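Worksheet: the structure to be examined is printed underneath.
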2 protein chains.
Amino acid sequence: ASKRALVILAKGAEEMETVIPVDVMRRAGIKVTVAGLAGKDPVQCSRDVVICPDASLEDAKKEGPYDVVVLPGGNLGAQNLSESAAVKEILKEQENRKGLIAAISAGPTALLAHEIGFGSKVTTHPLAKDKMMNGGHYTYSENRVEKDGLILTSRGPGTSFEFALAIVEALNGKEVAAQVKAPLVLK
Amino acid sequence: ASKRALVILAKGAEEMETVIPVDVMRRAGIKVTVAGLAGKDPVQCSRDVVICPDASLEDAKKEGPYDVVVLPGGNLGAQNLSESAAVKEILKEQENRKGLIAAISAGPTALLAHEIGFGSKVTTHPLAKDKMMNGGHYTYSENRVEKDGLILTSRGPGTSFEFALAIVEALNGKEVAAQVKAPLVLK
Ligand SMILES: [Cl-]
Ligand SMILES: [Cl-]
């Protein structure tokens with residue numbers, strides 16, 4: 001049975017960190033829902049790429065649960081994720097059901113805002129470290145991808161393929177991840 | 001004065017190969033126009049990411065010329081590029097004015113279709129090699145990025161950062177490219 005991913009897309013998201021995981025997960029046969037935080041309307045990303053979500057977050061929530069909830073980064077997108085009561089509820093539920101949560105660059109700082117996964121090892125974008133580490137609630141890692149159980153984090157646009165393939169491996173296994181990787185022409 | 005890039009976006013384009021160059025070029029201070037081949041409406045990419053173009057190709061053409069014309073890949077997107085009389089004219093004009101043309105994965109096969117850049121060294125996605133090489137009009141390279149003068153080619157989603165940074169270097173220079181690269185957290 002196909003695994004399912006919820007990608008939460010907010011204004012100011014890093015569009016590479018949104019599209020690379022969506023695309024790679026779809027390549028892996030994951031059913032991905034790109035859900036707009038603000039509603040069904042197009043989303044203006046950090047570098048002005050405009051992406052049309054598959055559904056509003058409100059609607060996508062009623063179609064869960066999901067095998068992974070994915071938080072792209074970009075500072076302004078991550079702040080919108082961090083400010084959202086809807087995101088808080090989705091992440092709390094996901095953590096309560098022992099489901100994977102994956103966040104990249106500034107995205108992990110929404111985990112802090114929502115009090116998710118304290119006591120985990122995490123990475124972030126280097127520039128987001130101090131924000132993430134306020135209070136000492138996580139242990140910091142400089143690995144390009146960090147996975148501490150059900151909290152999977154990564155650093156930036158240039159780690160997005162590694163992030164996405166780590167999600168694929170966690171859901172669908174190593175062999176699927178390797179099969180998906182080869183046609184991408186990664187170094 | 002800011003350099004300008006035209007990114008031609010067709011149905012079935014590889015969305016990573018579209019978004020990574022747009023984003024990286026904008027990071028470099030390039031004025032990028034995402035132009036929809038079919039018009040102004042949203043474009044459904046190969047892995048179902050839906051991108052809203054900045055303008056129709058028809059409108060974007062009247063705002064040229066551009067310092068680079070960029071052709072994303074994806075087989076179906078590249079075929080739509082290859083079938084377009086509008087793309088033929090834009091590429092012919094660009095070649096005639098000695099402007100850069102950049103194409104990735106299947107994208108270079110639109111250069112073949114439009115008879116652009118014959119006698120150049122090129123790369124493509126490995127699966128697109130035989131199509132590109134029909135007739136022997138180019139010399140094939142397995143470099144991740146190939147640049148033979150004003151024809152700049154690359155291989156796949158996993159070479160898109162290298163492709164984009166090569167465009168940045170060609171337009172804005174090595175130092176800008178290095179400055180843009182560092183915050184991306186590339187390996
Ligand atoms: Cl950002
Ligand atoms: Cl493709």
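Ordered as shown in the structure tokens, chains take letters A, B, and onward, while each chain numbers its residues from 1 and ligands are numbered from 1 in the order shown.
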
Per residue of chain A within 7 Å of ligand 1, record the nearest atom pair and its distance in Å to one decimal, counting only C-alpha atoms and all ligand atoms, with rows in chain order and ascending residue number, as JSON lines.
```
{"residue": "A:14", "atom": "CA", "partner": "ligand 1", "partner_atom_place_in_ligand_line": "1 (Cl)", "distance": 6.0}
{"residue": "A:46", "atom": "CA", "partner": "ligand 1", "partner_atom_place_in_ligand_line": "1 (Cl)", "distance": 6.4}
{"residue": "A:73", "atom": "CA", "partner": "ligand 1", "partner_atom_place_in_ligand_line": "1 (Cl)", "distance": 6.9}
{"residue": "A:74", "atom": "CA", "partner": "ligand 1", "partner_atom_place_in_ligand_line": "1 (Cl)", "distance": 3.5}
{"residue": "A:75", "atom": "CA", "partner": "ligand 1", "partner_atom_place_in_ligand_line": "1 (Cl)", "distance": 4.6}
{"residue": "A:76", "atom": "CA", "partner": "ligand 1", "partner_atom_place_in_ligand_line": "1 (Cl)", "distance": 6.8}
```

Tell me, counting only C-alpha atoms, for each residue of chain A within 8 Å of chain B, which pair of atoms is nearest and how far apart they are in Å to one decimal, in rows ordered by chain and increasing number, as a tab-separated table.
```
residue	atom	partner	partner_atom	distance
A:15	CA	B:19	CA	7.0
A:16	CA	B:20	CA	5.9
A:19	CA	B:16	CA	6.3
A:20	CA	B:16	CA	5.9
A:22	CA	B:49	CA	7.8
A:23	CA	B:47	CA	5.6
A:26	CA	B:47	CA	6.6
A:27	CA	B:47	CA	7.6
A:42	CA	B:52	CA	7.9
A:47	CA	B:23	CA	5.6
A:49	CA	B:19	CA	7.3
A:50	CA	B:52	CA	5.3
A:51	CA	B:51	CA	4.7
A:52	CA	B:50	CA	5.3
A:53	CA	B:50	CA	7.5
A:125	CA	B:185	CA	7.9
A:155	CA	B:185	CA	6.9
A:156	CA	B:185	CA	5.6
A:157	CA	B:184	CA	5.4
A:158	CA	B:186	CA	4.2
A:159	CA	B:185	CA	6.5
A:161	CA	B:158	CA	7.8
A:183	CA	B:156	CA	7.9
A:184	CA	B:158	CA	5.2
A:185	CA	B:158	CA	4.9
A:186	CA	B:158	CA	4.2
A:187	CA	B:158	CA	7.2
```

Writing out the chosen residues with C-alpha atoms as an mmCIF file, in the first residue's frame:
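The file below, part.cif, is the result:
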```cif
data_model
loop_
_atom_site.group_PDB
_atom_site.id
_atom_site.type_symbol
_atom_site.label_atom_id
_atom_site.label_comp_id
_atom_site.auth_asym_id
_atom_site.auth_seq_id
_atom_site.Cartn_x
_atom_site.Cartn_y
_atom_site.Cartn_z
ATOM 1 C CA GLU A 15 10.954 26.575 -3.499
ATOM 2 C CA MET A 16 13.881 24.217 -4.127
ATOM 3 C CA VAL A 19 9.952 20.907 -5.161
ATOM 4 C CA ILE A 20 12.925 18.576 -4.758
ATOM 5 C CA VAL A 22 7.853 16.505 -3.740
ATOM 6 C CA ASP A 23 9.384 15.307 -7.013
ATOM 7 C CA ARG A 26 6.639 11.000 -6.255
ATOM 8 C CA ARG A 27 9.427 9.197 -8.084
ATOM 9 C CA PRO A 42 -1.063 29.852 -5.394
ATOM 10 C CA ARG A 47 12.623 33.429 -4.823
ATOM 11 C CA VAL A 49 8.469 30.910 -7.939
ATOM 12 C CA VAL A 50 4.697 30.550 -7.661
ATOM 13 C CA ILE A 51 3.415 27.036 -6.891
ATOM 14 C CA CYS A 52 -0.247 25.960 -6.974
ATOM 15 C CA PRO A 53 -0.963 23.611 -4.059
ATOM 16 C CA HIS A 125 20.753 25.590 7.937
ATOM 17 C CA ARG A 155 20.400 21.832 6.096
ATOM 18 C CA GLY A 156 19.633 23.659 2.847
ATOM 19 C CA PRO A 157 18.831 23.618 -0.854
ATOM 20 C CA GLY A 158 22.054 21.734 -1.531
ATOM 21 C CA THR A 159 21.052 18.953 0.872
ATOM 22 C CA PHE A 161 18.203 15.508 -2.598
ATOM 23 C CA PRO A 183 18.279 8.315 -12.779
ATOM 24 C CA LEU A 184 18.789 11.667 -11.030
ATOM 25 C CA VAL A 185 22.483 11.919 -11.990
ATOM 26 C CA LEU A 186 23.613 12.875 -8.484
ATOM 27 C CA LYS A 187 27.375 12.948 -7.824
#
```

Would you write out, as CSV, a table of all residues in range 39-156 of chain A that have an atom no more than 10 Å from an atom of range 171-179 of chain A, listing for each the closest atom pair and the distance in Å to one decimal, considering only C-alpha atoms and ordering rows by chain and rising residue number?
```
residue,atom,partner,partner_atom,distance
A:67,CA,A:171,CA,7.4
A:68,CA,A:171,CA,8.2
A:100,CA,A:171,CA,8.8
```

Q: Determine which residues of range 44-173 of chain B DSSP labels as strand (DSSP E) from the backbone of this structure, then write them out as a PyMOL selection string.
A: chain B and resi 44+50-52+55-56+68-71+100-104+121-122+139-140+145-148+151-154

Q: Please provide the set of residues having any atom within 6 Å of residue 122 in chain A, restricted to only C-alpha atoms, with same-chain residues fewer than 3 positions apart removed, written as JSON, numbers by chain.
A: {"A": [140, 141, 146, 153]}

Now that the selection is made, can you save its residues with C-alpha atoms as a PDB file, in the first residue's frame?
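This is the output file again.pdb:
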```pdb
ATOM      1  CA  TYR A 140      22.861  20.086  17.317  1.00  0.00           C
ATOM      2  CA  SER A 141      24.404  18.146  14.447  1.00  0.00           C
ATOM      3  CA  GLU A 146      20.173  14.009  10.623  1.00  0.00           C
ATOM      4  CA  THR A 153      16.207  17.142   9.557  1.00  0.00           C
TER       5      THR A 153
END
```

**Q.** All residues 6 Å or closer to residue 77 in chain A, only C-alpha atoms, same chain fewer than 2 positions away omitted, as JSON, numbers by chain
**A.** {"A": [10, 11, 12, 13, 74, 75, 79, 80]}

Could you write out that same residue set with N, CA, C and O atoms as an mmCIF file, in the first residue's frame?
```
data_model
loop_
_atom_site.group_PDB
_atom_site.id
_atom_site.type_symbol
_atom_site.label_atom_id
_atom_site.label_comp_id
_atom_site.auth_asym_id
_atom_site.auth_seq_id
_atom_site.Cartn_x
_atom_site.Cartn_y
_atom_site.Cartn_z
ATOM 1 N N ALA A 10 3.925 27.227 2.632
ATOM 2 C CA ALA A 10 3.614 28.575 3.077
ATOM 3 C C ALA A 10 4.321 29.633 2.289
ATOM 4 O O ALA A 10 5.422 29.399 1.738
ATOM 5 N N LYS A 11 3.751 30.827 2.239
ATOM 6 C CA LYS A 11 4.380 31.966 1.594
ATOM 7 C C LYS A 11 5.781 32.130 2.119
ATOM 8 O O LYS A 11 6.050 32.067 3.318
ATOM 9 N N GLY A 12 6.742 32.350 1.209
ATOM 10 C CA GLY A 12 8.137 32.512 1.589
ATOM 11 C C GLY A 12 8.881 31.247 1.773
ATOM 12 O O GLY A 12 10.062 31.271 2.176
ATOM 13 N N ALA A 13 8.291 30.103 1.473
ATOM 14 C CA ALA A 13 9.019 28.846 1.493
ATOM 15 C C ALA A 13 10.143 28.861 0.485
ATOM 16 O O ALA A 13 10.057 29.472 -0.579
ATOM 17 N N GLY A 74 13.242 28.010 4.186
ATOM 18 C CA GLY A 74 13.082 29.410 3.844
ATOM 19 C C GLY A 74 12.668 30.136 5.113
ATOM 20 O O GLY A 74 11.718 29.688 5.778
ATOM 21 N N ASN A 75 13.334 31.226 5.478
ATOM 22 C CA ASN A 75 13.028 31.817 6.799
ATOM 23 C C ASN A 75 11.594 32.266 6.914
ATOM 24 O O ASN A 75 10.965 32.041 7.952
ATOM 25 N N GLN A 79 8.711 30.748 9.406
ATOM 26 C CA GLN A 79 8.031 31.554 10.393
ATOM 27 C C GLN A 79 6.524 31.415 10.239
ATOM 28 O O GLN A 79 5.814 31.314 11.257
ATOM 29 N N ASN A 80 6.005 31.402 9.012
ATOM 30 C CA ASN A 80 4.576 31.189 8.845
ATOM 31 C C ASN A 80 4.185 29.809 9.381
ATOM 32 O O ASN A 80 3.119 29.681 10.044
#
```

Q. Any idea what's packed within 12 Å of residue 130 in chain A, counting only C-alpha atoms, ignoring anything in its chain fewer than 4 positions away? Could you give it as a VMD selection string?
A. chain A and resid 106 108 to 109 112 123 to 126 134 to 140

**Q.** Residues within 7 Å of residue 66 in chain A, only C-alpha atoms, excluding chain neighbours under 3 positions, as a PyMOL selection string
**A.** chain A and resi 4-6+69

Taking N, CA, C and O atoms for each residue, export the selection above as a short mmCIF file (atom, residue, chain, number, x, y, z; two decimals), in the first residue's frame.
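Generated output (out.cif):
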```cif
data_model
loop_
_atom_site.label_atom_id
_atom_site.label_comp_id
_atom_site.auth_asym_id
_atom_site.auth_seq_id
_atom_site.Cartn_x
_atom_site.Cartn_y
_atom_site.Cartn_z
N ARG A 4 2.08 7.88 2.11
CA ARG A 4 1.52 9.18 1.87
C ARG A 4 2.33 10.23 2.57
O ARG A 4 2.73 10.06 3.75
N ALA A 5 2.55 11.37 1.91
CA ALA A 5 3.32 12.50 2.47
C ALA A 5 2.51 13.75 2.37
O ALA A 5 1.87 14.03 1.31
N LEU A 6 2.54 14.57 3.42
CA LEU A 6 1.96 15.89 3.46
C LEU A 6 3.07 16.92 3.44
O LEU A 6 3.93 16.89 4.36
N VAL A 69 5.10 14.03 7.52
CA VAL A 69 4.78 15.43 7.35
C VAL A 69 6.07 16.16 7.10
O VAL A 69 7.04 15.99 7.87
#
```

Q.
Can you tell me, as a ChimeraX atom specification, which residues in range 14-170 of chain B count as alpha helix (DSSP H) by DSSP?
A. /B:15-27,57-62,75-83,85-96,108-113,129-132,160-170

(Q) Which residues are near residue 116 in chain B? Cut-off 8 Å, only C-alpha atoms, ignore same chain within fewer than 5 positions. Put them as a ChimeraX atom specification. (A) /B:91-92,95,111

Write to file, as a compact mmCIF listing (two decimals), in the first residue's frame, the residues of the selection just made, with N, CA and C atoms.
```txt
# COMPACT_ATOMS: atom_id res chain seq x y z
N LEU B 91 15.27 30.78 -30.20
CA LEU B 91 16.62 30.21 -30.15
C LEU B 91 17.51 30.64 -31.33
N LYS B 92 16.89 30.74 -32.51
CA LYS B 92 17.58 31.24 -33.71
C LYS B 92 18.08 32.65 -33.49
N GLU B 95 20.92 32.63 -30.94
CA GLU B 95 22.16 32.17 -31.54
C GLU B 95 22.73 33.30 -32.50
N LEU B 111 17.48 21.77 -28.94
CA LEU B 111 18.51 22.35 -29.78
C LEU B 111 18.65 21.58 -31.08
```
